[PDB]
Every structure is written in structure tokens, then in C-alpha cells.
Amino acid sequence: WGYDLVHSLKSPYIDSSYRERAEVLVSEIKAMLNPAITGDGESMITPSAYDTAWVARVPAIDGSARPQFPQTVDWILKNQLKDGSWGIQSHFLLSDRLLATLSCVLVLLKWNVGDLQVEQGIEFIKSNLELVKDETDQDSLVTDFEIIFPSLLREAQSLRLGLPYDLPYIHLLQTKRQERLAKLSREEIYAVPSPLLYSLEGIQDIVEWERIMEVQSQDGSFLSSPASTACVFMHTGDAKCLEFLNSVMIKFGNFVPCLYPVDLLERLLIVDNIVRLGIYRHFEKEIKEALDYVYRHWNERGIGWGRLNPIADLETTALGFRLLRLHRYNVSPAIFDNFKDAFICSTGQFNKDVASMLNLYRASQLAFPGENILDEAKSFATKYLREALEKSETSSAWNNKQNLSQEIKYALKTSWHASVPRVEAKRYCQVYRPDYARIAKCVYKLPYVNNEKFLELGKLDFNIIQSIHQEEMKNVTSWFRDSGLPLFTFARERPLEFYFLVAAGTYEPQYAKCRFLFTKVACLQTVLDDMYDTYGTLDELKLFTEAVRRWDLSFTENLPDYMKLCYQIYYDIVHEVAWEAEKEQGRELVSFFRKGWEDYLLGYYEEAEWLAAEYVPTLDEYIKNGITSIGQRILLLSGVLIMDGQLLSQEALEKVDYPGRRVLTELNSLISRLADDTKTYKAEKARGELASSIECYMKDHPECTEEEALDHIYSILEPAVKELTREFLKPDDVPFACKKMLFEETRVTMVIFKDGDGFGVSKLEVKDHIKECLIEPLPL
């Protein structure tokens, strides 16, 4: 550990060639994304054999005995898979292959073509249906499979095709179809848009075609589905339906996808993946352009996956809420009222429902003060997700291949606030799939979202940043060794731990000085802390505290030897930080730093007076002192004022730092103090130590239990965390890098003190985080 471990690291990724390569990947990605963000190549989505067959059904509008879109028939004839099914070869999903293959077989028969393809398709359907033994054999279901397949299969039956109509699995599907159709509000199909509009081709006996146009989308589609739209067209001759089908053929040539457009969901998925991979700083322009487009379409009624959908989609809306708020757009959680009754969204296909609830769960964590609906949403989504873990569908072959249960479990154990940013990006680089397949009416892919380039850059960029940090850690440990700080054997050496505290969140190459000075101050503080609350006597501390007031090295003659050394190091670190800050900021700051340091150490001294007198403060007194004496304020200032290119006027600084006000540095101090207490108070009790916030509350409330005491401390933390989030994301004219640096240090602090029971900080967890974040590179 420490010096020896760090100087033994020799990362190759520090060489300029690796960053030059990463820059080529960045340019390649910008080019790849340009059509989706700036051009007209939006909605890049794979073919739906199922939907393409429905479009192929449409007869020529001139009344002749041939398809209106003959190119779709040719596509179908040329794209059969080797086993006789139609679908995407890379992924096998039984229900997808069954639906698509039966769909294709029937349209080839309609036009009396493809004898061989039909024969092979029928064989695939028969043989695979006969392999189904029980329900747990069916695997994941494409959207509305239970409704559509029995309908399509009855069409085949009327043609007397050689299919096993009497299989128990087939009877079960008809049973499920009835179960679904029973909850249907039929009169309302015509007045209130609903998810069933996506699949009208499966409920043809139910729909009064003469009434259905009232819920058609503006582009002429029925909920973006080419198949459903084609069906309505064949029954009505509706001109707008035909325009939609034409527009999709024009865009894709000789096939159609199962959803179109997917302009809103695709943009949001692009941004989500770039952010989660940790590569977002290379794509500020593209992310703004994507989110700007989403925001233009953002409205009080929510958003669908496509901007023309006549009903909002929880998946897209929750994802949009989160990314918009995260990028400082003004959104209200009131949009989730669109998904409420008397919450629901427990209808639909399983992966979509799970996705919607994962997105709602994540969105709920970005709550601002007073946003009760998000607390409710968090509770609801958590319950939903824990239930989903217990459902058989979660363990289907398809879901297991994508580690769905693992993903749900990880989401539930992961708090956005209590996250290590660099570590989350590293972990996501290990989960992200370039060939990820999604489910709707058919299995599909979105290549702008899931591709090899994103991951290549993610892994390389992570390794390069890490290698830069490793060189910085050599500098840190080298400075530490020669600094004099190791001479204080009453304190533990933790330079890498403090470097991690800042570097795991504020990682960008240009902020090396920020990280370095932050680390120096944190190393100094840990010695000062031990000196004031443990090692020093009150009379010694009174002397040291007087020296603090005087800012005079000559006055040090009066101090004990160890304090002479401590004062010298402190004095030097304070003024190095101040000089660097004055250089960056172009204004005087020595006086401002000196006052910050005096208030901090005078805080320690008040605390030391209490300890010596065995005085237990009121909780008000304790928190008042603790916000000042915890030391986060002056530590944060020692980093935030020295960020390359980030100018903070006095006016701007006061927006994020102002003792006595609920601004970022104050909220961090408060959260740190109380979070620490929640994590450690029991160890300090059994050690006969200085009272914590818990003990202070119990003195204030002699009748209350320890449990009630801890509960109260949490009732203070939770509101503070919400305020911290709003202060961070709030639109203002404070350089955002500075706000982010403050917030991210808080997030890493919250990781260290998470799950506050008794009981102590986990030294092993800390070491493991440092290993993962700073020591071990990603394999390429």
C-alpha cells in the first residue's frame, strides 16, 4: 500500500498515443450519431419480419392482384433463416420466431409465392411448438403474443395448414388471450388511446373499424406499429394510414421495423449510455442537442417513445425526467400523475414493464425538497422490482442470458447519492452490451445505442484517466513522505484514501492541481483532528489555538515540540493553497482562507473544551459546532477555488459557500457530520468517547429511545440530501464544474458512511474501492 504500491505501477495508457486514439474514437462516434441528432437518419432500428409481412399483405391500391409494396414480399423471400424461421439470427427467442414465421408464411400464401419458404416455415412452427412441454418452456414473450398468436394461428387453421392446433400450449394461449381481453374497456378503445392500439391486427373481430380513426396518431399510425396500421388500412382505406406506411418504406427501403419513429426513446437511450459509460465529457454538444430535442417535445402529459404517440410511455417519460433534470433542464415530477389512478403501469410485456419501473426507481432518487410524489414513486417502484425478482418470467432463458435478475438486484442495492462515480462507470463498461437485443412486437436492436465503438471508447478512456491518476498518486505519496506528516505517529497515514475521496468524482485531467491540494489539506486535517480530539491536552490545545489566531511563525517558540512542527506544516499548506487559489482566481484570498481555517480550528477547540469538561451539548449546539469543526468546508474550498479555468467571484462563491446558510459546502458539512455519526456512534459509545448527535438527542429527550434518537438524525439527513441535490442541479451562473466537484465529493463521502448501523466504517470496503477505482485497469 501507499508509497511502495503506487510507485510500482507502470501504466502504458499514459502515453499520448492512447489519448490520440481515444480522440479518433470520439470523432467516429460524433459522425455515427450525427444523423440521429442533427440529420434525418433518426430511428435506426432493425427489420421486423413480422411487421414487414403485415405491410406485404396490403393489396395494390389500383385494384390489381398484387401487393401495394412488392419489395416487402421480395425481402421476405430473401431473408428466411436457415432453420426456416424469420428473425434476427444473433438472438433466438421462441415467441419472436413463432410470431414472425407464421406472419411471413401467411402473406406468402396470400400472394401464392415462396412455396419452399412456406414449407420450411411451417416445419419450423410445428417442430418448435411440439418442443414446448410446460409453460416455463415458452421463454420471454414479445408484445401481445398471447393476444395475437391465437388469432394468427386461427387464420392458418382456416386455410388447413399442417400445424399442431390441438397442443395444450395452444389452448393455454387462447385461455391467456381471454384473460387479457376480459379487462378490456371496449367502448373506450375508440375515445381513449391505449396500448392495445399497437396490436389491432390481433383483435380484428373486436374493433369497429368505422370508429377507430379517432385514436389514430397524427402521422397516421396506430401507436407507431406498421402491422397494426396496415391492418386498419386494409379495413378502411384510410389515406393517413397509407401515408404512414409509405413514410416507413421510404425510410427503410424494403422492410419495416416494429416501432416507428422511436425518436424520443432513442435519443434518451443514447445519452443514458454515454453518461453511464463515463464518456459524456467528450460529447457535450451532442448531448445538449439530443436533450434539447427531447425537451421541445416534453409536456405535462408525458412522452411516448415516438413524439407522435397519443399516449405517454412510463419507460420513456421516467428516463426523460431523470436525464433532463440531471442536465439542468426544468422538469416537474407532476408528469408522473399521467401514470396514476384513483400508480399502475403493471400491464404490458414484461421487459418493458420492468424497464419502466427501473427508470422510475432511478428517476425518484433525483428528488428536490417537497417533492412527495417522488418519495411515493420510489416506494412503489421498489416494491414492484422486489416482486419482479420473485416472478418466473425474470428467470426465463432470454432474461437469464441478459442477467436481468442481476441488473434488478444491482439497481436496488445502489443509491445514486451513495455512489462512486468512476467506479460506476468502470462497472458499466463491464455490463454494457454492443449487441444488446430489445423486445417489443419483435426482437430488435438500436445500433446508435448499442454498438462496439461506445464500449471501445468507454474502456480506453477509463484506463487513460486511471493511468493519469496513478502518476498523480506517485506525486502525492512522494510529497507525503517528505512533508513531515508521517512524524505524527498518533495519526494514521491515509494519503491514497484522501486522494480517492476527490479523484473518484473529480477525475478530469485538467484538475490535477485541485486533486493535489485537496489531498494535502485532507492529510493535514486528519492529524489536526487526532491532535484536538485525542492526543493533545487542553492546555496544549489552548496554546495551539492561540498560535492559530496569530498567524505568526515566531510565536511558535511557546509550543510543545510536536506542535511547533505541526504549526509549520499547517502554515505552509494553508499559504500554498492560498497562493494557488489567488493565481487561479486573480483576486486576494489569503484573508478568506485564514478566516476559514480559524473558524474550523476554533471549532475543534470548543469541542476539546467540551471533552475536557465531560460536557454533553444539546443537539442544536452539537450540530452548530459540528458543521464548522467537521472540516469539510475548508477542505472543499481548498479544491474548488483551484480548478483549472473555473472562475469564482465572491458573489458566485457565496452561492455555494456561506456558513449559516443551506448552500453546498454547508449541506456537505452537515451530511458528513451526521452520516459519520450514523455509521460510527456505537463504537464511540463502547469506547467511552465524546458524545455524538445520537447521544445529544437522548440528553435533550431523556424519555426517548436510542432507536428514536437514530431515527431523528435520519430525519435531518434526508431533507438535507434533497437540498444538496437541488443546490447541485439548480440553474444558476456558478461554473458547473465547481458545483459538481462539491457534489461529487459529497457522494463519495456518503459512500464511506452508507448503511449507518452501529458500528464503524469498513476499512476493507474502502481499500476495495481504491483498488477498483485507481489500481486495477480494465482489460481491453
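One rule holds for the numbers: they count along the sequence shown, beginning at 1.
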Looking at the other compared entries that model residues on both sides of it, is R180 unmodelled in at least a third of them? no
Among the other PDB entries compared that flank it on both sides, is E135 unmodelled in a third or more? no
Which class fits the unmodelled deposited stretch between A342 and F343: none, 1 to 3, 4 to 9, or 10 or more? 1 to 3
Mean Cα B-factor comparison, 675-683 or 212-220, giving the higher one as deposited: 675-683
Higher mean Cα B-factor in the deposited model: 173-181 or 465-473? 173-181
In terms of CA temperature factor as recorded, identify the highest of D51, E727, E745, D755. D755
Kindly indicate the residue among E456, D561, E508, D313 with the greatest C-alpha B-factor in the PDB record. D561
Ordered by C-alpha B-factor within the chain, which third holds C773? Give me lowest, middle or highest, please. middle
The third of the chain into which the C-alpha temperature factor of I716 falls is the middle
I37's Cα B-factor: lowest, middle or highest third of the chain? highest
In terms of its chain's C-alpha B-factors, the third that includes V58 is the middle
Please say which third, lowest, middle or highest, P193 falls into when its CA temperature factor is compared across its chain. middle
